[PDB]
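Here the structure comes first, spelled out in structure tokens, and everything after it is commentary.
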Amino acid sequence: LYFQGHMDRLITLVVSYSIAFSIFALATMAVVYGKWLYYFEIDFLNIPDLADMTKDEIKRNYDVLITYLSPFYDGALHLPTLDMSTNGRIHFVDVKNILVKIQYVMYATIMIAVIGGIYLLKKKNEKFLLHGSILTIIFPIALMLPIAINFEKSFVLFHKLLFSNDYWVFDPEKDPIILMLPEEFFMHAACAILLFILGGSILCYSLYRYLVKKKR
Ligand SMILES: CCCCCCCC/C=C\CCCCCCCC(=O)OC[C@H](O)CO
Ligand SMILES: CCCCCCCC/C=C\CCCCCCCC(=O)OC[C@H](O)CO
Ligand SMILES: CCCCCCCC/C=C\CCCCCCCC(=O)OC[C@H](O)CO
Ligand SMILES: CCCCCCCC/C=C\CCCCCCCC(=O)OC[C@H](O)CO
Ligand SMILES: CCCCCCCC/C=C\CCCCCCCC(=O)OC[C@H](O)CO
Ligand SMILES: CCCCCCCC/C=C\CCCCCCCC(=O)OC[C@H](O)CO
């Protein structure tokens, strides 16, 4: 009992951070691989005007690129309409590699938390559900203002942090897909992620309080 205390409490520690990360990764893949937001973006930002492309050309290029970024696509990236340089296809491999590593870690934290969670959950201990929501709502709270007021510079730091080359700044001449990827769209995608993080936090917290009311 002196040791089930710690071990259950280390599992509530390990499980808690894996709840936070799993929500982070899940919200990312939902926004990254979701095409509903970007399809709305095409008319809302008037991307045809921005890129001198048609609504059909923009959709298929985005369709092909999003398909290229899945773990289960082993082919190279060829855009239906736009040409691209070797620097351009190095960046999308960088982006593809980042997504794959987040997803690999995400499966671990999703399993760690579901398996280890139900262990502590059926053992009448829900401390991990409060800690999880607190840890994961730190994300939107810390980053809501950086995106809202300083997106352009937060965007650069983000890229500088995650990429070890210069190729993330696209030359419209050699990589014209940058014209159909406006900065406002990535800003909305960052907001959608944070809303899903915040949504998952509230969801995770709704359970905690609801479960604590069960014990009493
Ligand atoms: C079995 C009786 C109750 C069932 C509970 C099973 C126990 C699962 C344990 C830990 C994970 C719980 C996570 C709390 C809920 C979070 C919901 C979620 O993970 O979704 C995040 C969303 O996908 C982000 O975009
Ligand atoms: C029931 C658990 C609740 C968790 C909810 C789903 C869990 C699915 C089950 C197990 C491993 C986790 C896999 C989930 C990851 C798949 C979603 C994802 O991010 O994949 C993107 C895909 O590659 C874009 O093409
Ligand atoms: C994970 C614990 C520490 C978190 C610290 C990181 C802060 C990032 C915050 C929000 C963005 C979340 C995005 C997750 C990864 C983005 C996927 C990606 O590669 O995007 C490429 C980019 O759009 C090409 O311009
Ligand atoms: C009950 C809990 C209350 C809520 C808990 C707070 C946590 C933050 C949640 C979401 C913020 C994330 C998205 C916020 C960023 C939106 C961007 C924005 O609104 O600014 C527009 C932009 O400046 C135009 O130029
Ligand atoms: C600073 C925090 C904000 C960081 C951004 C939030 C994450 C955006 C994620 C998905 C949007 C849709 C992305 C789908 C794939 C985009 C293709 C791409 O990587 O283009 C990047 C561009 O070339 C480089 O400037
Ligand atoms: C009730 C629980 C609430 C939390 C659960 C949320 C789940 C769905 C949230 C958002 C979907 C995507 C909407 C993203 C819209 C991006 C635009 C934005 O949020 O702010 C940008 C601003 O408009 C710049 O001018």
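Mapped onto PDB author numbering, the consecutive letters of the sequence shown carry residue numbers -6 to -1, 1 to 210. Note that the Cβ used here is the ideal one computed from N, Cα and C, for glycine as well.
The straight-line gap separating the alpha-carbon atoms of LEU192 and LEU123 is approximately 14 Å. DSSP places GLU51 in the helix class (H, G or I) of the three-state scheme. Assignment of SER64 by DSSP, reduced to helix, strand and coil, places it in the coil class.
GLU120 sits in coil when the DSSP states are folded into three classes, being neither helix nor strand. Annotated three-state conformation of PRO176 is coil, per DSSP.
Counting only runs of 4+ residues, the alpha helix (DSSP H) found wholly inside the segment 86 to 163 occupies 121 to 156, in chain order.
Taking the CA atoms as reference points, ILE141 sits about 26 Å from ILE84. Note on geometry: alpha-carbon atoms of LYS116 and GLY126 lie some 17 Å from one another. Taking C-beta separations shorter than 7 Å and ignoring five residues to either side along the sequence, the partners of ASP169 in its chain run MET78, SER79 and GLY82, following chain order.
The beta-carbon separation of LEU137 and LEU71, rounded to 29 Å, does not stay under the 8 Å limit for a contact. Set against 6 Å, the gap from the CB of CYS198 to the closest heavy atom of ligand 6 is not smaller.
Residue environment analysis places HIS(-1) among the exposed positions, since fewer than 16 neighbouring C-beta atoms fall within 10 angstroms of its C-beta. Ranked by Cα distance from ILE143, the first of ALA184, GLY110, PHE190 and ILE104 is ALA184. One Cα belongs to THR6, the other to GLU178, and the distance between them is close to 39 Å.
Boundaries cannot be given for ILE171, as no alpha helix (DSSP H) includes it and DSSP labels it neither H nor E.
Per DSSP, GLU35 is one residue of the alpha helix (DSSP H) stretching across 30 to 38.
When secondary structure is reduced to three states using DSSP, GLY69 falls in the coil class, being assigned neither helix nor strand. Listed in chain order, the non-local C-beta contacts of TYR202 below 6 Å within the same chain comprise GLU120, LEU123 and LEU124, local neighbours out to five positions each way being set aside. Excluding the 5 residues flanking it on each side, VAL99 has same chain C-beta neighbours closer than 8 Å at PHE15 and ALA19, in chain order. The C-alpha of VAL8 lies about 29 Å from the C-alpha of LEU151.
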